[PDB]
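Asks: no sequence on hand, only this structure:
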């Protein structure tokens with residue numbers, strides 16, 4: 001799937017998601 005776009009972002013958003021939780025950790 002060429003959605004490496006949602007993924008390219010997802011990884012960024014994910015890192016952010018992680019950071020989001022990380023922020024509390």
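Replies: Received, thanks. Residues are numbered from 1 along each chain as shown.

Asks: how about the helices in this structure?
Replies: Assigned by DSSP state H, the helices in the chain fall at 4-24.

Asks: closest to the centroid, which residue in it?
Replies: In the chain, the residue lying closest to the centroid (Cα atoms, centre = their mean) is residue 14, at 1.5 Å.

Asks: distance of it relative to residue 5?
Replies: For residue 14, the distance to residue 5 (Cβ to Cβ, to the nearest Å) stands at 14 Å. To be clear about C-beta, it is placed using only N, CA and C from the backbone, and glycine gets the same treatment.

Asks: what count of nearby residues applies to residue 7?
Replies: Residue 7 has 13 neighbours, counted by other Cβ atoms under 10 Å.

Asks: mind listing what it touches?
Replies: If you count contacts by Cβ atoms under 8 Å, 6 or more residues apart in numbering, residue 7 has none.

Asks: and for residue 24?
Replies: Applying Cβ under 8 Å, 6+ apart to residue 24 gives no contacts.

Asks: many thanks, have a good one.
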